[PDB]
2 protein chains.
Amino acid sequence: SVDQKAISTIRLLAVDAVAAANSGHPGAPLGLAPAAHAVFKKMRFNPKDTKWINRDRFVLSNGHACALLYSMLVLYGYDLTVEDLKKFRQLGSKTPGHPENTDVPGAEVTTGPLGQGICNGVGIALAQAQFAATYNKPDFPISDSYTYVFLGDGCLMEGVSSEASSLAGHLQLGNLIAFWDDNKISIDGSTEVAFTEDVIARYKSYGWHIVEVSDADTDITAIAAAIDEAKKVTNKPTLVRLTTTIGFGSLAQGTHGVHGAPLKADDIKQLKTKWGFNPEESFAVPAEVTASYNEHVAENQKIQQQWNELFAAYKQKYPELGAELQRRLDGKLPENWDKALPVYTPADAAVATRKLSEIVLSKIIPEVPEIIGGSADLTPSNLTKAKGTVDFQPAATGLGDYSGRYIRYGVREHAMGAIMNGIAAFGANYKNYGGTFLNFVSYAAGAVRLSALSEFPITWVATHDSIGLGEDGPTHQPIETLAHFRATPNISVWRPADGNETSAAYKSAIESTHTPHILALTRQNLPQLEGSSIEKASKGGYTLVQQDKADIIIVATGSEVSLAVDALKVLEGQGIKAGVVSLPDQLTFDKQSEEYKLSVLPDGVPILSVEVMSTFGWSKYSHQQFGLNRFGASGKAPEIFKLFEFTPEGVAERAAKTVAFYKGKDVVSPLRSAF
Amino acid sequence: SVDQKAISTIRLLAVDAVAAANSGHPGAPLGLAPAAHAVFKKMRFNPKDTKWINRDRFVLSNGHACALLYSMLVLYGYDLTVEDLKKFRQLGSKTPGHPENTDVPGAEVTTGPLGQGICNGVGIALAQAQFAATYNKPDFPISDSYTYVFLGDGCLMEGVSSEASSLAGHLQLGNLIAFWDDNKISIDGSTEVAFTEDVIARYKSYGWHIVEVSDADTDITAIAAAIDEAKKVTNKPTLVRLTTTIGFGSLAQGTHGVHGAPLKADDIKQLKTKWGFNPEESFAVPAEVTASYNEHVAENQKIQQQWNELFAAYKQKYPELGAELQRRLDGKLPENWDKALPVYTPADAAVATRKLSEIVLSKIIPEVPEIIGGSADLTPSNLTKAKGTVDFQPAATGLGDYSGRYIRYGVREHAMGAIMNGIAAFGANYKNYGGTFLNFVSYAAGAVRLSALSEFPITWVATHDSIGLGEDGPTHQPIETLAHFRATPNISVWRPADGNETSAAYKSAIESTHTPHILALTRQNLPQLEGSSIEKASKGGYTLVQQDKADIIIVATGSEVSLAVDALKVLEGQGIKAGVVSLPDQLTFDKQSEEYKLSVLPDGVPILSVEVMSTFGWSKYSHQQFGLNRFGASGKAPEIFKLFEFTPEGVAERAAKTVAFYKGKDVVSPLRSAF
Ligand SMILES: Cc1ncc(C[n+]2csc(CCOP(=O)(O)OP(=O)(O)O)c2C)c(N)n1
Ligand SMILES: Cc1ncc(C[n+]2csc(CCOP(=O)(O)OP(=O)(O)O)c2C)c(N)n1
Ligand SMILES: O=P(O)(O)OC[C@H]1O[C@H](O)[C@H](O)[C@@H]1O
Ligand SMILES: O=P(O)(O)OC[C@H]1O[C@H](O)[C@H](O)[C@@H]1O
Ligand SMILES: [Ca+2]
Ligand SMILES: [Ca+2]
C-alpha cells in the first residue's frame, strides 16, 4: 500500500542520512517511522507557514532520533530537502545532529538533552489552553490545536519529565498527547538493567489517560485509533505506549548496537530489498509517497485558509480582542506599554528588589495580556503574583481557570524552566516568567541553557540573590550562579540595584525576542540611588557617579552599588576620589558601542569590581576584583556582610590598595585586548 | 507518659529555637516530632561515636525542619547542647538554618535543597548493601544497618527524588525506610494547587513497599509497627505515609503560615500549657526525658561494644578481609596503590582521555576495593566499567549481585550525583564515581554543589568535554560548564592532556578526602606529551616547555596543550619564542606555594591562555585569553576546531598579537594582586 511505502521511505531516508554522515542514530527512527507517519497524517500544519498559530505542534523529545523528524519535514515539503538530508551532521548544514529550532524549519524546540522535549510539550499545551481560554468565543474556535510528543526511555528516566508529567496531569491538559517508544533498549542495553518501574502505573498516578499499542512496528490503524481516543479524553493528557522494536528491520534490530551508530552496508541492502526498494539507491523518494503527503498538505492549507477567514470574522465580531490578537501575532507589544513601568527618585524609600519586582509585575500584567508566569512553590517569597489575578488551573478544580495568568509550578524548577521554553515556543508574543531562589535556578540548568541556545525570551525571577538572604545559610546563598549563567552565551543576567534599575531589567526582559533573562533580586532592602534612571540602566552599564579626577572607578552590581557609593564617601576622607559604575546587565553592556563602553570604563584609571559572589568574568570590566569565592554562612545578613568585609570600610581599604598597586604604572581600560 | 513528655519536649525545643532566632521553620518539626521520637527509639547509634560503621543512619531530606533534628541530637547527648539551640541560625553557631555535615555532629549529609536527602539516603543504603555483601560472613553480620529518611511534599515534587526512587526500587534496597510527611501544605498553600498526584500509587509503580499511618500526630505505636513491617520486607525499599498536621498544636496548625516563620508568642504559651509545660520557660528539658533517652543510648553503646568484639573475632576468622576492613575504617588507601597507575612516554600512541580513564580504572579497581562507580546510561561511551567486574544488582535479578562494583544509574544524572554523595557519606573509605557527558553534569548541579559544600570525595567521569565530540553538536558541547564548576568553592576540575596527566587526575581523585573531582575527558585522540609526568601534573599546573628567553608563555589545558605545543613551532618560524604551561587542575595549582606558582607563571612575560570553552576565570593565570564564548556546531570535530581558529596558526596569530600588544609595557604575573 501507499502507507506501507511511505513508512519504508521514512525508514530508509533516516538510515541513508546516518549512513552518509557515518554518524548518528538509526534505531529509534526505524522503530518510530510507523507512528511518525500516523501522527503526521492526523496533524494540521502548513509546511509553507511554520508559524500558523492554530497548527498542531510536534516535539521529538528523543532528539537523537532526529533523522526521523528531518525525513518527515522533507517528505512534507518544509524548507528542508533531500540535499539537506545528505548533509546530516555536517558543519553548517540545516540537519544538525540534534534538532535546533533556530536552524531547522518545523523544529518547534531544541531537543537532544533528554527529558526536555516532553516538558516543552507540556508548556506548548499549557500556552494553547491559556490562549484558547483568552480568545475563543462561541462559533470562533480561534485555538483548538493539539501537542504531540515522542519520547523514549531516556526521557522517562530523567527527573525533569516526572516533574512536568505530574504538573500536566494536575492541570488536566487534554490536548497533550505523548507517545512512549517502548523498545526496552537504552545505551547500556536492556532496560531490565536500570529501568524496571511500571511506567504505565506511574502515569496513571499522575492523572494521565493511557492507550497501549502492542504492535507499533506495524499497526498504524491502532496508532490512529489511539489518537482518536486521546482526543475524546478532554480532561487528561494521554500517554500512548508504542511497543516497538528498536531498529525494526535491521539485522541488529532489538539491540543497543542499533541505537547510536550507522548500520552496516549489507544491513542497509537487505532493508531495501525486504521493503521493495533498490539496494543500489540511496535517498529514494517514491512519487506515490510525495503525492499522498501532498494531498494531506493541500487539505491542511485549506483548513488554514478557512482559519484565516474565521480570524477576519472574529475581528469584526470582537473588535477589541481581535485587535489584541492581531498585535500579538504581529509580535508587537502594546503601544507605549512601558509607560506603566514604575519610576523612583532618590527621595523614595529603600525597597528590596524582590518587592520592586512585585510592584513592576502589578503594573505591567494588566497592561500586557501576553505576560503570564508563576513560581516554583515560592509565591509569597519571590513575590511573583499580581494581586487580583486568577491562577491558571482547570476550572473543574475550582482553584483557577485556563484564562488565568499565574502558574503554581510546585517544587519543580527544572520542569518550570522547560515549560517556560514551551510557552515561548507556542508563540503569540508570550512573555513568560518563573520564580525561584537564585541558588535553585541551578536545578534547572539543563533547561536554562536551552533557553539561550533556542533564543527564547523567557524570564527567571530569581530572588534571594546572595548572602543578603541571611539565616537560611550557605545551602541557599549563591556564589557561582551568576558566573555560570553569564558564561553561557546569550543570557542577560540583570542584577538591578534599585527601583529604576529593576524597571529597566523588566523593560529588557519583556521586550526581548531572542534572549532569555535572569533577574537576580534581593531579599533585603536597598536605597534608591542618586543618578539611576530607566534610560541609563537600559544600557546595561552606566556611570552612576562621574568623577573627572578619579583615582579609581568602582564598578558594582545590585546590592553592592549602594556599598560602592558609601565607600566613595569613606575614600573621600582618605583623600581618594572615586567614581562609581553600575553594571546591571553585562550582556546588554557588552552589546553597546565601543565608544559608549569606554565612556563608562575609560583608560588611565584603575577599576575595582565589587559583587558579593564569584569574581569570575569580572576581569572583563576591572583590574582588581573584590568578590566572595567561598561558601556563605547562616546568620543575620548584615553580620555576614561584616564577616566578609563587604562594608564601606572594607571596600575603601581594597580601593586604596588598588590605587597604591598602580602607582607608577600605565593603566588601560579592561575593555582593551590584543585580539 | 514519658513518651508523650518526650514528644512535647522535642516540639517545644524546636519552637523555642525558632523563637530565639526569630527565623526558621516550626511547622514540620511540630508535625514530625512523634515520628522522630519513634524512629530514634528504633535506631542504633552512639552519640559519642558518630562514625560507628554499623550505625543506623538518619537523613532529614526536608532540611528546613532542622530544628527537629537538632532537638533530637541535643536530647540524645550528641556534641550539641541547649546552648547551641539557643544560637539557632546565628552566625558561627553549630545550629545553622539548614543542616551541614561539616558543622553539625550527627548530620550525615547537608540538606535544605529539596530532594537531595532522600537521594543521599538511597546512596547510604546502596553503600550499606555493597559493604555488607563484601564483608559479611556466616556468624559475622559486620554490616546490617538501616537508612531512615524523612521527606516532605517538596522533596516528592523535585525530579531528582523520582530518579532515585525509581532506581532504589529497581535495586530492591530493603534496608531503606523513608517517611513522607503527608501534611498537604507547602509554601504556596494546599497541595491541591499543584501536587494532586497519587504518591502512593507512584511509589508502588517503582516497586516500593508502602505502610500508611493515618494518625501520625499521635500514633507512635503505629509508626513503630510500620518500621517493624518495613524490616520484614527485605527486597523493597519502604515508604511510610505519615499523615500529620503541619504545626500540630499551634493555633495556626494546618496552614502555610506555620511552615516558615516563627510562631506568635501567645501561640507558644498555649502550646506549653496544653502539654503541661511552663509557658514562662523556654528550652525546657525534663529530666525524665533525658533519663529515658539515656537508657536507649546505653543500650546502643552495649550493642556497639559487642560489635567491636564481633569485629575482633572477624579479624581472627577472616584475616585478609579483616585487615582490609580495618584499613578502610582507618581511612587509609592500600599501601603503594598508586604504583598501579599507568605511566606513558612520548613514544606511546595517541589516546583519547576517555580511553586513558578506562585504562586507569582497569588497573586501580582490582587494587582498591573501596572504588565503586557507574554511569548514567553511557557505559560504552564514558568507558567507565572495568572488564570482568560484576554489576551492583540484587542477585534475584540475575543481572549482578550486591557485591558488584559497577552501577547502572540509567538516565539519571542528578540522582547519580546525590547518590554518590550518599555513598561517600556512608564512609568506610568509599571512593566512588559517576560517568556522563560533561555537558550533562549540569543536570546534576544541585547535587554537585552539595558535594563541594559537604566536602565529599566523589568523582565525575565527564567525557565528551568540548567541540571535540563533533557531530552531536551544540546541545552536547560544553561552553560554560568548567567555568561554572571552577567558580564553585572546593571543586577540583581536572582536564588532563594525556596519559600521565590522566593518571595524576585519578591519583588526586582517589586520594581526596574533602574535595569532589570532575574529570573532563575527551572523545578524540590526543598525543602523549614531551615533558608530562604524574609528578609534575600532580601540582595542578606545571611548566611543560621551559623557554628562558620567552617572548610569551601559552597556558592551556586538556586537548589545547598539544595545540599550544604545535603553535610554539609555528611561532618559532615567526621569530617568537614561546613557553608552554599545562594547567590540568586550577584548584590544585592554586593550593601550591606562591613561589611554585610564580615559577610557572613568572613576572615579565605576557601569558596567553588557550582552552576551547569559556574564558571566565582564565585571567587568574593569563593576560589575554583565547577561548570559545559562543555555542558550538554539528560537524566533524576537526572542522569545528578549524572554524573557530583553534589551530596552530590561529593560536600563533593571537600569540603574536599578544606579544605586540605588550611591546613597551611592563608586565607582571597574573598571580599578582592589590589585595
Ligand atoms: C540529559 C542527557 N543525558 C544523557 C544523554 C546521552 N544519551 C543520548 S540517547 C541516550 C539514551 C537512549 O535511550 P532511549 O531514550 O531509550 O533511546 P533509544 O535507545 O530507544 O533510541 C543517552 C543516555 C543525553 N542525550 N541527554
Ligand atoms: C530545591 C529547592 N527549591 C526550593 C526551596 C525553597 N523551599 C523551602 S521549603 C519549601 C517547600 C515546603 O514544602 P514541604 O517540603 O511540603 O514542607 P512543609 O511545608 O510540609 O514544611 C520550598 C519550596 C528549597 N529549599 N529547595
Ligand atoms: O522570609 P522569606 O525569605 O520570604 O521566607 C522564609 C522561609 O520560608 C520559606 O521556607 C522560604 O523558602 C524561606 O526558607
Ligand atoms: O561514539 P560515542 O560518542 O561514544 O557515542 C555515539 C552516540 O551514541 C550515544 O547516543 C551517545 O550519547 C552518542 O550520541
Ligand atoms: Ca529506548
Ligand atoms: Ca508539606
# chains A, B, ... in the order shown; residues from 1 in each chain; ligands from 1
$ residues_around --residues "range 57-64 of chain A" --least-positions-apart "3" --cutoff "7 Å" --atoms "only C-alpha atoms" --output "list in words"
residues 25, 98, 99, 108, 111, 112, 114, 115, 116, 117, 118, 121, 146, 147, 148, 149, 150, 151, 152 and 155 of chain A
$ write_last_selection --atoms "N, CA and C atoms" --output "PDB file, in the first residue's frame"
ATOM      1  N   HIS A  25      21.987   8.189  14.655  1.00  0.00           N
ATOM      2  CA  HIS A  25      21.167   7.258  15.423  1.00  0.00           C
ATOM      3  C   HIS A  25      20.068   6.679  14.539  1.00  0.00           C
ATOM      4  N   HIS A  98      21.320  17.051  16.453  1.00  0.00           N
ATOM      5  CA  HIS A  98      20.106  17.144  17.268  1.00  0.00           C
ATOM      6  C   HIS A  98      19.327  18.360  16.761  1.00  0.00           C
ATOM      7  N   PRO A  99      17.987  18.333  16.848  1.00  0.00           N
ATOM      8  CA  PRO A  99      17.225  19.410  16.213  1.00  0.00           C
ATOM      9  C   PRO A  99      17.338  20.736  16.951  1.00  0.00           C
ATOM     10  N   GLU A 108      10.082  22.797  16.548  1.00  0.00           N
ATOM     11  CA  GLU A 108       9.440  23.780  17.433  1.00  0.00           C
ATOM     12  C   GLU A 108      10.356  24.237  18.570  1.00  0.00           C
ATOM     13  N   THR A 111      15.938  19.946  21.009  1.00  0.00           N
ATOM     14  CA  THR A 111      15.965  18.764  21.854  1.00  0.00           C
ATOM     15  C   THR A 111      17.279  18.012  21.615  1.00  0.00           C
ATOM     16  N   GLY A 112      17.461  16.904  22.326  1.00  0.00           N
ATOM     17  CA  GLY A 112      18.760  16.202  22.387  1.00  0.00           C
ATOM     18  C   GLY A 112      19.175  15.955  23.829  1.00  0.00           C
ATOM     19  N   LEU A 114      18.046  14.883  27.077  1.00  0.00           N
ATOM     20  CA  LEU A 114      16.874  14.065  27.337  1.00  0.00           C
ATOM     21  C   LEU A 114      15.974  14.658  28.399  1.00  0.00           C
ATOM     22  N   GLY A 115      14.682  14.416  28.221  1.00  0.00           N
ATOM     23  CA  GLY A 115      13.669  14.909  29.124  1.00  0.00           C
ATOM     24  C   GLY A 115      13.095  16.265  28.779  1.00  0.00           C
ATOM     25  N   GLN A 116      13.836  17.080  28.020  1.00  0.00           N
ATOM     26  CA  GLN A 116      13.423  18.458  27.796  1.00  0.00           C
ATOM     27  C   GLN A 116      12.177  18.546  26.917  1.00  0.00           C
ATOM     28  N   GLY A 117      12.149  17.789  25.820  1.00  0.00           N
ATOM     29  CA  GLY A 117      11.079  17.943  24.854  1.00  0.00           C
ATOM     30  C   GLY A 117       9.693  17.691  25.403  1.00  0.00           C
ATOM     31  N   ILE A 118       9.525  16.633  26.191  1.00  0.00           N
ATOM     32  CA  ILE A 118       8.219  16.375  26.774  1.00  0.00           C
ATOM     33  C   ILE A 118       7.776  17.542  27.643  1.00  0.00           C
ATOM     34  N   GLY A 121       6.666  20.259  25.501  1.00  0.00           N
ATOM     35  CA  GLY A 121       5.308  19.941  25.048  1.00  0.00           C
ATOM     36  C   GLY A 121       4.261  20.300  26.086  1.00  0.00           C
ATOM     37  N   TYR A 146      -3.611  20.642  19.014  1.00  0.00           N
ATOM     38  CA  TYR A 146      -3.032  19.602  19.852  1.00  0.00           C
ATOM     39  C   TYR A 146      -1.516  19.704  19.898  1.00  0.00           C
ATOM     40  N   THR A 147      -0.940  19.046  20.900  1.00  0.00           N
ATOM     41  CA  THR A 147       0.501  18.966  21.078  1.00  0.00           C
ATOM     42  C   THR A 147       0.858  17.479  21.140  1.00  0.00           C
ATOM     43  N   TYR A 148       1.620  17.028  20.149  1.00  0.00           N
ATOM     44  CA  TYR A 148       2.037  15.640  20.014  1.00  0.00           C
ATOM     45  C   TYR A 148       3.513  15.541  20.362  1.00  0.00           C
ATOM     46  N   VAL A 149       3.869  14.607  21.250  1.00  0.00           N
ATOM     47  CA  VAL A 149       5.256  14.462  21.680  1.00  0.00           C
ATOM     48  C   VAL A 149       5.686  13.013  21.558  1.00  0.00           C
ATOM     49  N   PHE A 150       6.856  12.783  20.951  1.00  0.00           N
ATOM     50  CA  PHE A 150       7.512  11.475  21.016  1.00  0.00           C
ATOM     51  C   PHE A 150       8.596  11.529  22.083  1.00  0.00           C
ATOM     52  N   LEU A 151       8.666  10.488  22.908  1.00  0.00           N
ATOM     53  CA  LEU A 151       9.729  10.385  23.918  1.00  0.00           C
ATOM     54  C   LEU A 151      10.094   8.931  24.131  1.00  0.00           C
ATOM     55  N   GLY A 152      11.310   8.712  24.619  1.00  0.00           N
ATOM     56  CA  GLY A 152      11.822   7.373  24.866  1.00  0.00           C
ATOM     57  C   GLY A 152      12.071   7.082  26.325  1.00  0.00           C
ATOM     58  N   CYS A 155      14.083   9.826  28.248  1.00  0.00           N
ATOM     59  CA  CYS A 155      13.282  10.948  28.725  1.00  0.00           C
ATOM     60  C   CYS A 155      12.493  10.567  29.974  1.00  0.00           C
TER      61      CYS A 155
END
$ residues_around --residues "range 602-605 of chain A" --least-positions-apart "3" --cutoff "7 Å" --atoms "only C-alpha atoms" --output "ChimeraX atom specification"
/A:551-552,598-599,666-669
$ closest_residue --among "A:463, A:196, A:609, A:625" --to "chain B" --atoms "only C-alpha atoms"
A:196
$ closest_atom_pairs --of "chain B" --to "ligand 3" --cutoff "9 Å" --atoms "only C-alpha atoms and all ligand atoms" --output "JSON lines"
{"residue": "B:23", "atom": "CA", "partner": "ligand 3", "partner_atom_place_in_ligand_line": "6 (C)", "distance": 7.7}
{"residue": "B:24", "atom": "CA", "partner": "ligand 3", "partner_atom_place_in_ligand_line": "7 (C)", "distance": 6.6}
{"residue": "B:25", "atom": "CA", "partner": "ligand 3", "partner_atom_place_in_ligand_line": "10 (O)", "distance": 6.9}
{"residue": "B:64", "atom": "CA", "partner": "ligand 3", "partner_atom_place_in_ligand_line": "10 (O)", "distance": 6.8}
{"residue": "B:97", "atom": "CA", "partner": "ligand 3", "partner_atom_place_in_ligand_line": "14 (O)", "distance": 8.6}
{"residue": "B:112", "atom": "CA", "partner": "ligand 3", "partner_atom_place_in_ligand_line": "14 (O)", "distance": 8.8}
{"residue": "B:186", "atom": "CA", "partner": "ligand 3", "partner_atom_place_in_ligand_line": "10 (O)", "distance": 8.7}
{"residue": "B:187", "atom": "CA", "partner": "ligand 3", "partner_atom_place_in_ligand_line": "9 (C)", "distance": 6.4}
{"residue": "B:259", "atom": "CA", "partner": "ligand 3", "partner_atom_place_in_ligand_line": "10 (O)", "distance": 6.6}
{"residue": "B:260", "atom": "CA", "partner": "ligand 3", "partner_atom_place_in_ligand_line": "8 (O)", "distance": 4.0}
{"residue": "B:261", "atom": "CA", "partner": "ligand 3", "partner_atom_place_in_ligand_line": "6 (C)", "distance": 6.3}
$ residues_near_ligand --ligand "ligand 6" --cutoff "12 Å" --atoms "only C-alpha atoms and all ligand atoms" --output "PyMOL selection string"
(chain A and resi 377+410-411) or (chain B and resi 25+27-29+31-32+62+64-65+114+150-157+180-192+194-195+242-247+254-260)
$ atom_distance --atom1 "CA of residue 539 in chain B" --atom2 "CA of residue 564 in chain B"
19.6 Å
$ closest_residue --among "B:137, B:431, B:636, B:354" --to "residue 331 in chain B" --atoms "only C-alpha atoms"
B:431
$ residues_around --residues "residue 516 in chain B" --least-positions-apart "2" --cutoff "8 Å" --atoms "only C-alpha atoms" --output "list in words"
residues 451, 452, 455, 456, 457, 458, 459, 490, 491, 492, 509, 512, 514 and 518 of chain B
$ residues_around --residues "residue 301 in chain B" --least-positions-apart "4" --cutoff "8 Å" --atoms "only C-alpha atoms" --output "short mmCIF file (atom, residue, chain, number, x, y, z; two decimals) with C-alpha atoms, in the first residue's frame"
data_model
loop_
_atom_site.label_atom_id
_atom_site.label_comp_id
_atom_site.auth_asym_id
_atom_site.auth_seq_id
_atom_site.Cartn_x
_atom_site.Cartn_y
_atom_site.Cartn_z
CA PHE B 45 23.60 4.93 67.18
CA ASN B 46 26.25 6.19 69.55
CA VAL B 297 21.91 5.36 74.37
CA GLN B 305 30.66 -2.78 72.32
#
$ closest_residue --among "A:521, A:268, A:505, A:448" --to "residue 355 in chain A" --atoms "only C-alpha atoms"
A:521
$ residues_around --residues "residue 126 in chain B" --least-positions-apart "3" --cutoff "8 Å" --atoms "only C-alpha atoms" --output "PyMOL selection string"
chain B and resi 122-123+129-130+173+423
$ residues_around --residues "residue 8 in chain A" --least-positions-apart "3" --cutoff "8 Å" --atoms "only C-alpha atoms" --output "JSON, numbers by chain"
{"A": [4, 5, 11, 12, 33, 275]}
